[PDB]
file final.cif (mmCIF, C-alpha atoms and all ligand atoms)
data_model
#
loop_
_atom_site.label_atom_id
_atom_site.label_comp_id
_atom_site.auth_asym_id
_atom_site.auth_seq_id
_atom_site.Cartn_x
_atom_site.Cartn_y
_atom_site.Cartn_z
CA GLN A 25 0.00 0.00 0.00
CA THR A 26 0.88 3.66 -0.21
CA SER A 27 0.31 5.67 2.97
CA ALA A 28 -0.44 9.37 3.32
CA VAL A 29 3.14 9.87 4.53
CA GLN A 30 4.53 8.04 1.51
CA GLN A 31 2.37 10.13 -0.84
CA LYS A 32 3.67 13.34 0.74
CA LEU A 33 7.25 12.11 0.42
CA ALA A 34 6.58 11.40 -3.26
CA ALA A 35 5.22 14.93 -3.73
CA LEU A 36 8.29 16.38 -2.03
CA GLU A 37 10.52 14.25 -4.24
CA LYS A 38 8.69 15.31 -7.39
CA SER A 39 9.12 19.00 -6.56
CA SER A 40 12.81 18.44 -5.74
CA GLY A 41 13.72 16.97 -9.15
CA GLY A 42 15.87 14.31 -7.50
CA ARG A 43 15.59 10.91 -5.86
CA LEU A 44 14.72 10.63 -2.17
CA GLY A 45 15.13 7.62 0.11
CA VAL A 46 13.69 7.49 3.63
CA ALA A 47 13.63 4.89 6.36
CA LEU A 48 12.11 5.41 9.80
CA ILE A 49 12.11 2.95 12.67
CA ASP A 50 9.88 3.91 15.60
CA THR A 51 11.27 2.00 18.58
CA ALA A 52 8.01 2.51 20.50
CA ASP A 53 6.44 -0.28 18.44
CA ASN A 54 9.23 -1.33 16.00
CA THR A 55 7.18 -0.11 13.05
CA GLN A 56 8.84 1.19 9.93
CA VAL A 57 8.03 3.80 7.31
CA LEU A 59 9.97 3.58 4.06
CA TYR A 60 10.17 5.51 0.82
CA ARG A 61 12.46 3.93 -1.78
CA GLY A 62 13.69 2.01 1.25
CA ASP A 63 15.37 -0.74 -0.79
CA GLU A 64 16.96 1.49 -3.44
CA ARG A 65 20.68 2.18 -3.27
CA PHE A 66 22.14 5.61 -2.56
CA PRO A 67 25.74 6.82 -2.19
CA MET A 68 26.51 7.08 1.51
CA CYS A 69 29.23 9.73 1.31
CA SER A 70 30.22 10.86 4.82
CA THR A 71 27.39 8.87 6.45
CA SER A 72 29.65 5.82 5.95
CA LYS A 73 31.85 7.25 8.71
CA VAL A 74 29.42 5.91 11.32
CA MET A 75 30.11 2.33 10.24
CA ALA A 76 33.88 2.92 10.25
CA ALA A 77 33.90 4.53 13.69
CA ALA A 78 31.68 1.76 15.04
CA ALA A 79 33.99 -0.91 13.63
CA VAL A 80 36.91 0.66 15.50
CA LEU A 81 34.78 0.85 18.65
CA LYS A 82 34.13 -2.88 18.25
CA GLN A 83 37.89 -3.53 17.99
CA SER A 84 38.35 -1.47 21.16
CA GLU A 85 36.16 -3.90 23.13
CA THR A 86 39.09 -6.33 23.21
CA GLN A 87 41.87 -3.67 23.32
CA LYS A 88 41.31 -1.28 26.24
CA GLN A 89 44.10 1.04 25.04
CA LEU A 90 43.25 1.05 21.33
CA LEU A 91 41.41 4.38 21.32
CA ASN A 92 44.45 6.04 22.92
CA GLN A 93 46.91 4.65 20.34
CA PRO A 94 48.67 7.49 18.47
CA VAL A 95 48.36 7.50 14.67
CA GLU A 96 50.84 9.57 12.67
CA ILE A 97 49.43 12.28 10.40
CA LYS A 98 51.72 13.12 7.50
CA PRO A 99 51.39 15.91 4.90
CA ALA A 100 50.55 13.35 2.21
CA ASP A 101 47.61 12.11 4.31
CA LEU A 102 45.63 15.32 3.81
CA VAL A 103 42.77 15.08 1.32
CA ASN A 104 39.94 17.48 0.39
CA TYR A 105 38.44 18.31 3.81
CA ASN A 106 40.55 17.86 6.91
CA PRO A 107 40.02 20.76 9.34
CA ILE A 108 41.12 18.71 12.35
CA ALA A 109 43.82 16.49 10.84
CA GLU A 110 45.68 19.40 9.24
CA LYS A 111 46.35 20.81 12.71
CA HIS A 112 48.22 17.57 13.52
CA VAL A 113 50.36 17.09 10.40
CA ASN A 114 53.83 15.88 11.43
CA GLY A 115 52.20 14.87 14.73
CA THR A 116 49.71 12.29 15.94
CA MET A 117 46.04 11.83 16.74
CA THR A 118 44.58 8.97 18.72
CA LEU A 119 41.89 6.69 17.30
CA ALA A 120 39.42 8.39 19.66
CA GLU A 121 40.44 11.78 18.29
CA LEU A 122 40.18 10.48 14.72
CA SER A 123 36.73 9.02 15.40
CA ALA A 124 35.50 12.26 16.98
CA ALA A 125 36.90 14.33 14.11
CA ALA A 126 35.43 12.02 11.46
CA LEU A 127 31.98 12.03 13.06
CA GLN A 128 31.57 15.52 14.51
CA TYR A 129 33.56 17.60 12.01
CA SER A 130 33.38 15.13 9.10
CA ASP A 131 37.16 15.19 8.66
CA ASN A 132 38.03 13.02 5.64
CA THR A 133 41.66 12.36 6.61
CA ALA A 134 40.36 11.06 9.94
CA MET A 135 38.00 8.71 8.09
CA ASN A 136 40.92 7.39 6.03
CA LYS A 137 42.79 6.57 9.24
CA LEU A 138 39.75 4.64 10.50
CA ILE A 139 39.56 2.74 7.20
CA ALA A 140 43.27 1.95 7.36
CA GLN A 141 42.94 0.73 10.96
CA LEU A 142 40.33 -1.74 9.65
CA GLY A 143 42.52 -2.97 6.77
CA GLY A 144 40.86 -1.00 3.99
CA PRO A 145 37.30 -0.38 2.79
CA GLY A 146 36.53 -4.10 2.88
CA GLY A 147 37.21 -4.13 6.61
CA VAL A 148 34.35 -1.69 7.07
CA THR A 149 32.11 -3.92 4.96
CA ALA A 150 33.22 -6.94 6.98
CA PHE A 151 32.11 -5.24 10.19
CA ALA A 152 28.74 -4.41 8.62
CA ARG A 153 28.29 -8.08 7.77
CA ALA A 154 29.29 -9.10 11.30
CA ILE A 155 26.45 -6.99 12.72
CA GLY A 156 23.86 -8.31 10.26
CA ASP A 157 23.96 -5.65 7.52
CA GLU A 158 24.15 -7.53 4.21
CA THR A 159 23.59 -4.37 2.15
CA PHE A 160 26.26 -1.82 3.12
CA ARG A 161 29.40 -1.74 1.01
CA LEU A 162 32.49 0.42 1.27
CA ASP A 163 34.75 0.07 -1.75
CA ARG A 164 36.97 3.17 -1.75
CA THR A 165 38.68 5.61 0.58
CA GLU A 166 38.23 9.38 0.86
CA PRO A 167 37.70 11.36 -1.26
CA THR A 168 36.77 9.05 -4.13
CA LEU A 169 34.01 7.31 -2.16
CA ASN A 170 31.88 10.46 -2.78
CA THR A 171 31.70 10.27 -6.59
CA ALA A 172 28.02 9.32 -6.16
CA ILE A 173 27.54 8.30 -9.81
CA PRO A 174 23.96 7.19 -10.58
CA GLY A 175 23.77 3.43 -10.98
CA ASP A 176 27.21 2.83 -9.44
CA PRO A 177 26.95 0.33 -6.54
CA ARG A 178 30.26 1.34 -4.98
CA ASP A 179 30.03 2.94 -1.53
CA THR A 180 26.25 2.59 -1.32
CA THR A 181 23.58 1.24 0.97
CA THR A 182 19.80 1.37 1.20
CA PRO A 183 17.75 3.47 3.64
CA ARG A 184 16.23 0.34 5.21
CA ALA A 185 19.60 -1.28 5.85
CA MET A 186 21.20 1.87 7.24
CA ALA A 187 18.29 2.57 9.59
CA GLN A 188 18.41 -0.99 10.92
CA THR A 189 22.17 -0.79 11.42
CA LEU A 190 22.01 2.62 13.08
CA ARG A 191 19.40 1.28 15.49
CA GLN A 192 21.53 -1.74 16.38
CA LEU A 193 24.65 0.42 16.87
CA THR A 194 23.11 3.21 18.96
CA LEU A 195 20.13 1.65 20.75
CA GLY A 196 20.71 -2.09 20.39
CA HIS A 197 23.61 -4.37 21.28
CA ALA A 198 25.83 -4.42 18.20
CA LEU A 199 28.43 -2.70 20.41
CA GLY A 200 29.28 -3.09 24.06
CA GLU A 201 27.55 -0.75 26.50
CA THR A 202 30.38 1.76 26.90
CA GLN A 203 31.07 1.77 23.15
CA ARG A 204 27.40 2.34 22.32
CA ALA A 205 27.33 5.24 24.77
CA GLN A 206 30.47 6.68 23.18
CA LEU A 207 28.95 6.48 19.70
CA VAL A 208 25.77 8.17 20.94
CA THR A 209 27.81 10.93 22.62
CA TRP A 210 29.73 11.51 19.39
CA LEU A 211 26.56 11.68 17.27
CA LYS A 212 24.82 14.02 19.72
CA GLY A 213 27.82 16.36 19.48
CA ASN A 214 27.77 16.56 15.69
CA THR A 215 28.43 20.09 14.42
CA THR A 216 27.06 19.73 10.87
CA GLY A 217 23.43 18.70 11.29
CA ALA A 218 21.21 21.69 12.12
CA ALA A 219 20.02 22.24 8.52
CA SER A 220 19.18 18.59 7.79
CA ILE A 221 16.87 16.13 9.63
CA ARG A 222 16.75 18.15 12.81
CA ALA A 223 15.55 21.28 10.95
CA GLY A 224 12.33 19.39 10.22
CA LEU A 225 11.68 18.26 13.79
CA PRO A 226 10.30 19.97 16.90
CA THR A 227 13.10 21.85 18.63
CA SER A 228 12.35 20.10 21.94
CA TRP A 229 13.58 16.80 20.47
CA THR A 230 17.18 15.68 20.94
CA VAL A 231 19.04 14.53 17.83
CA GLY A 232 22.34 12.82 17.12
CA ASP A 233 23.21 12.54 13.47
CA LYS A 234 25.81 12.20 10.74
CA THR A 235 25.41 14.16 7.50
CA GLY A 236 27.03 13.58 4.16
CA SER A 237 27.24 15.07 0.70
CA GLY A 238 28.92 14.34 -2.58
CA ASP A 240 28.72 14.76 -6.31
CA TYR A 241 25.34 14.59 -8.04
CA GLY A 242 24.05 16.97 -5.38
CA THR A 243 23.99 14.04 -2.99
CA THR A 244 22.72 15.22 0.40
CA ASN A 245 22.31 12.74 3.24
CA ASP A 246 21.62 12.51 6.95
CA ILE A 247 21.26 9.57 9.34
CA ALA A 248 19.89 10.28 12.79
CA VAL A 249 18.83 8.91 16.11
CA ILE A 250 16.06 11.02 17.60
CA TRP A 251 14.85 11.23 21.21
CA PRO A 252 11.47 12.98 20.88
CA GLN A 254 9.56 14.64 23.68
CA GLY A 255 7.54 12.03 25.52
CA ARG A 256 8.15 8.97 23.35
CA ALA A 257 10.65 6.21 22.64
CA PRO A 258 13.54 6.95 20.27
CA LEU A 259 13.30 6.98 16.49
CA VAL A 260 15.91 6.15 13.87
CA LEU A 261 15.64 8.09 10.62
CA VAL A 262 17.67 7.93 7.41
CA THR A 263 17.15 10.49 4.63
CA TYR A 264 19.20 10.09 1.46
CA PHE A 265 18.91 12.35 -1.58
CA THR A 266 20.67 12.40 -4.93
CA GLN A 267 20.22 14.32 -8.16
CA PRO A 268 20.66 13.71 -11.90
CA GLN A 269 23.53 16.08 -12.70
CA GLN A 270 27.05 15.82 -11.38
CA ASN A 271 27.37 19.46 -10.29
CA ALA A 272 23.97 19.77 -8.58
CA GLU A 273 23.78 21.84 -5.40
CA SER A 274 23.18 20.38 -1.95
CA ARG A 275 19.54 20.25 -0.80
CA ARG A 276 19.57 19.90 2.99
CA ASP A 277 16.12 21.52 2.97
CA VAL A 278 14.75 18.40 1.25
CA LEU A 279 15.99 16.26 4.14
CA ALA A 280 14.41 18.65 6.63
CA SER A 281 11.14 18.47 4.67
CA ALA A 282 11.23 14.68 4.67
CA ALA A 283 11.81 14.65 8.43
CA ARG A 284 8.91 17.06 8.96
CA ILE A 285 6.56 14.81 6.97
CA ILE A 286 7.74 11.81 9.01
CA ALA A 287 7.22 13.63 12.31
CA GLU A 288 3.76 14.87 11.29
CA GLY A 289 2.81 11.24 10.53
CA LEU A 290 3.61 9.93 14.02
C1 LIG B 301 30.92 13.80 3.69
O1 LIG B 301 30.00 13.43 3.02
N1 LIG B 301 31.79 14.74 3.34
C2 LIG B 301 32.88 15.28 4.16
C3 LIG B 301 32.76 16.79 4.32
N2 LIG B 301 31.68 17.23 5.29
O2 LIG B 301 30.38 17.30 4.73
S1 LIG B 301 29.34 16.62 5.82
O3 LIG B 301 29.48 17.47 7.05
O4 LIG B 301 27.99 16.69 5.15
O5 LIG B 301 29.68 15.19 6.14
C4 LIG B 301 32.69 17.47 2.95
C5 LIG B 301 31.64 16.87 2.07
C6 LIG B 301 31.68 15.35 1.97
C7 LIG B 301 32.80 14.84 1.07
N3 LIG B 301 32.77 15.20 -0.20
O6 LIG B 301 33.65 14.08 1.54
K K B 302 28.16 18.70 3.24
K K B 303 4.89 5.73 14.61
NA NA B 304 27.87 18.28 -3.94
#

call {"tool": "encode", "arguments": {"input": "final.cif", "output": "structure tokens"}}
result
Amino acid sequence: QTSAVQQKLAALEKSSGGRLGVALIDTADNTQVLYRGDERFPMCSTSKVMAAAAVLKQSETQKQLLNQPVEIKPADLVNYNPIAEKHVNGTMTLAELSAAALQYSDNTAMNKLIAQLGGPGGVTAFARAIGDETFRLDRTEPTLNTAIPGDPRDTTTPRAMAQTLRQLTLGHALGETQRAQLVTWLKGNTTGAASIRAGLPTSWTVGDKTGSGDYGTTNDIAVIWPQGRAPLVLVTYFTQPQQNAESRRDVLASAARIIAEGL
């Protein structure tokens, strides 16, 4: 069937000119609302959640791992590295790299997480270990953001990412202290106020990870603690037909508003 919420999301998508993917999980009753929920979208920086979580999982058996220094060299800098560039010729710990990757979306930091996991396939392997058969990471930063229509590299579906985000942040894919650390990082994101949370009541608490790339790709994945109800998990992915298209964070906000109005 097609619900009123799904029809509104389709109208939003039609006005936007692009392709919108939405997946909500309401943990009050485990119900789901999906729009293009099984179509693939380029993850861009939203893939950093899986990489940081995979390192958190490694840290469960290595109490000192997150304090291990990682050397940052001039050649490690890529296209967006506001934190890592302050540490060139120095070191950052895996905790610092995770925080920078998640909260500032530093791309050099993401590459250090990927390298710690043995390459993009190590991120995919972690996804499989936690029951996500859909996620794939194939490249490092910055090429993982090419976002070419029809290209399966570095993609997932809204349904799969919402399920994984739930398991990581509210479920038991990670140990208790690691889950809390991931939640703390997401709640401290600096980049999210124009995306999902712009469409939600201001009294609700949000932790999220945004992303963007070529083809005007504009993404956000969020855990939401609304006023007076159990948490929600919401993924909004958006991509456009031309390579140089502008970001449309407003579309993600609009999708979130439609979702919230349908609760
Ligand atoms: C992630 O998608 N990226 C990293 C950086 N920050 O944007 S974010 O805050 O939306 O994550 C620049 C854009 C993008 C990229 N091209 O790597
Ligand atoms: K961006
Ligand atoms: K609901
Ligand atoms: Na772009």

call {"tool": "closest_residue", "arguments": {"input": "final.cif", "among": "A:290, A:172, A:109, A:208", "to": "residue 126 of chain A", "atoms": "all atoms listed in the file"}}
result
A:109

call {"tool": "closest_atom_pairs", "arguments": {"input": "final.cif", "of": "chain A", "to": "ligand LIG 301 (chain B)", "cutoff": "10 Å", "atoms": "only C-alpha atoms and all ligand atoms", "output": "CSV"}}
result
residue,atom,partner,partner_atom,distance
A:67,CA,B:LIG301,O1,9.4
A:68,CA,B:LIG301,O1,7.4
A:69,CA,B:LIG301,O1,4.1
A:70,CA,B:LIG301,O1,3.1
A:71,CA,B:LIG301,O1,6.3
A:72,CA,B:LIG301,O1,8.2
A:73,CA,B:LIG301,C1,8.3
A:103,CA,B:LIG301,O6,9.2
A:104,CA,B:LIG301,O6,7.2
A:105,CA,B:LIG301,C4,5.9
A:106,CA,B:LIG301,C3,8.3
A:107,CA,B:LIG301,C3,9.7
A:126,CA,B:LIG301,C2,8.4
A:127,CA,B:LIG301,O5,7.9
A:128,CA,B:LIG301,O3,8.0
A:129,CA,B:LIG301,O3,6.4
A:130,CA,B:LIG301,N2,4.7
A:131,CA,B:LIG301,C2,6.2
A:132,CA,B:LIG301,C2,5.8
A:133,CA,B:LIG301,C2,9.6
A:135,CA,B:LIG301,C2,9.2
A:165,CA,B:LIG301,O6,9.9
A:166,CA,B:LIG301,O6,6.6
A:167,CA,B:LIG301,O6,5.6
A:168,CA,B:LIG301,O6,8.2
A:169,CA,B:LIG301,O6,7.7
A:170,CA,B:LIG301,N3,5.5
A:171,CA,B:LIG301,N3,8.1
A:172,CA,B:LIG301,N3,9.6
A:214,CA,B:LIG301,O3,8.9
A:215,CA,B:LIG301,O3,7.9
A:216,CA,B:LIG301,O3,5.1
A:217,CA,B:LIG301,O3,7.5
A:220,CA,B:LIG301,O4,9.4
A:234,CA,B:LIG301,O5,6.7
A:235,CA,B:LIG301,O4,4.3
A:236,CA,B:LIG301,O1,3.2
A:237,CA,B:LIG301,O1,4.0
A:238,CA,B:LIG301,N3,4.6
A:240,CA,B:LIG301,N3,7.3
A:243,CA,B:LIG301,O1,8.5
A:244,CA,B:LIG301,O4,7.2
A:245,CA,B:LIG301,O4,7.2
A:246,CA,B:LIG301,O4,7.8
A:274,CA,B:LIG301,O4,9.3
A:276,CA,B:LIG301,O4,9.3

call {"tool": "atom_distance", "arguments": {"input": "final.cif", "atom1": "atom CA of residue 117 of chain A", "atom2": "atom CA of residue 134 of chain A"}}
result
8.9 Å

call {"tool": "closest_atom_pairs", "arguments": {"input": "final.cif", "of": "chain A", "to": "ligand K 303 (chain B)", "cutoff": "10 Å", "atoms": "only C-alpha atoms and all ligand atoms", "output": "tab-separated table"}}
result
residue	atom	partner	partner_atom	distance
A:48	CA	B:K303	K	8.7
A:49	CA	B:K303	K	8.0
A:50	CA	B:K303	K	5.4
A:51	CA	B:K303	K	8.4
A:52	CA	B:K303	K	7.4
A:53	CA	B:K303	K	7.3
A:54	CA	B:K303	K	8.4
A:55	CA	B:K303	K	6.5
A:56	CA	B:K303	K	7.6
A:57	CA	B:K303	K	8.2
A:256	CA	B:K303	K	9.9
A:257	CA	B:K303	K	9.9
A:259	CA	B:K303	K	8.7
A:286	CA	B:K303	K	8.7
A:287	CA	B:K303	K	8.6
A:288	CA	B:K303	K	9.8
A:289	CA	B:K303	K	7.2
A:290	CA	B:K303	K	4.4

call {"tool": "atom_distance", "arguments": {"input": "final.cif", "atom1": "atom CA of residue 192 of chain A", "atom2": "atom CA of residue 233 of chain A"}}
result
14.7 Å

call {"tool": "closest_residue", "arguments": {"input": "final.cif", "among": "A:28, A:201, A:182, A:193", "to": "residue 44 of chain A", "atoms": "only C-alpha atoms"}}
result
A:182

call {"tool": "closest_residue", "arguments": {"input": "final.cif", "among": "A:196, A:213, A:242, A:62", "to": "residue 261 of chain A", "atoms": "all atoms listed in the file"}}
result
A:62

call {"tool": "atom_distance", "arguments": {"input": "final.cif", "atom1": "atom CA of residue 139 of chain A", "atom2": "atom CA of residue 84 of chain A"}}
result
14.6 Å

call {"tool": "closest_residue", "arguments": {"input": "final.cif", "among": "A:25, A:266, A:241, A:254", "to": "ligand NA 304 (chain B)", "atoms": "only C-alpha atoms and all ligand atoms"}}
result
A:241

call {"tool": "closest_residue", "arguments": {"input": "final.cif", "among": "A:265, A:61, A:285, A:149", "to": "ligand NA 304 (chain B)", "atoms": "all atoms listed in the file"}}
result
A:265

call {"tool": "closest_residue", "arguments": {"input": "final.cif", "among": "A:180, A:189, A:26, A:203", "to": "residue 88 of chain A", "atoms": "only C-alpha atoms"}}
result
A:203

call {"tool": "residues_around", "arguments": {"input": "final.cif", "residues": "residue 115 of chain A", "least_positions_apart": "6", "cutoff": "12 Å", "atoms": "only C-alpha atoms", "output": "JSON, numbers by chain"}}
result
{"A": [94, 95, 96, 97, 98, 99, 101, 108, 109]}

call {"tool": "residues_near_point", "arguments": {"input": "final.cif", "point": "(20.3, 16.9, 17.9)", "cutoff": "7 Å", "atoms": "only C-alpha atoms", "output": "list in words"}}
result
residues 212, 222, 230, 231, 232 and 233 of chain A

call {"tool": "write_last_selection", "arguments": {"input": "final.cif", "atoms": "C-alpha atoms", "output": "mmCIF file, in the coordinates of the input"}}
result
data_model
loop_
_atom_site.group_PDB
_atom_site.id
_atom_site.type_symbol
_atom_site.label_atom_id
_atom_site.label_comp_id
_atom_site.auth_asym_id
_atom_site.auth_seq_id
_atom_site.Cartn_x
_atom_site.Cartn_y
_atom_site.Cartn_z
ATOM 1 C CA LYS A 212 24.820 14.020 19.720
ATOM 2 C CA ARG A 222 16.750 18.150 12.810
ATOM 3 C CA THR A 230 17.180 15.680 20.940
ATOM 4 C CA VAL A 231 19.040 14.530 17.830
ATOM 5 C CA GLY A 232 22.340 12.820 17.120
ATOM 6 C CA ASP A 233 23.210 12.540 13.470
#

call {"tool": "residues_around", "arguments": {"input": "final.cif", "residues": "residue 181 of chain A", "least_positions_apart": "4", "cutoff": "10 Å", "atoms": "all atoms listed in the file", "output": "ChimeraX atom specification"}}
result
/A:62-68,72,157-162,177,185-186,264

call {"tool": "residues_around", "arguments": {"input": "final.cif", "residues": "residue 221 of chain A", "least_positions_apart": "6", "cutoff": "8 Å", "atoms": "only C-alpha atoms", "output": "ChimeraX atom specification"}}
result
/A:246-248,263,279-283

call {"tool": "write_last_selection", "arguments": {"input": "final.cif", "atoms": "C-alpha atoms", "output": "short mmCIF file (atom, residue, chain, number, x, y, z; two decimals), keeping the file's coordinate frame"}}
result
data_model
loop_
_atom_site.label_atom_id
_atom_site.label_comp_id
_atom_site.auth_asym_id
_atom_site.auth_seq_id
_atom_site.Cartn_x
_atom_site.Cartn_y
_atom_site.Cartn_z
CA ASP A 246 21.62 12.51 6.95
CA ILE A 247 21.26 9.57 9.34
CA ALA A 248 19.89 10.28 12.79
CA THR A 263 17.15 10.49 4.63
CA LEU A 279 15.99 16.26 4.14
CA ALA A 280 14.41 18.65 6.63
CA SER A 281 11.14 18.47 4.67
CA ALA A 282 11.23 14.68 4.67
CA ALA A 283 11.81 14.65 8.43
#

call {"tool": "axis_aligned_box", "arguments": {"input": "final.cif", "around": "segment 151-154 of chain A", "padding_each_side": "3 Å", "output": "JSON"}}
result
{"center_x": 30.2, "center_y": -6.8, "center_z": 9.5, "size_x": 9.8, "size_y": 10.7, "size_z": 9.5}
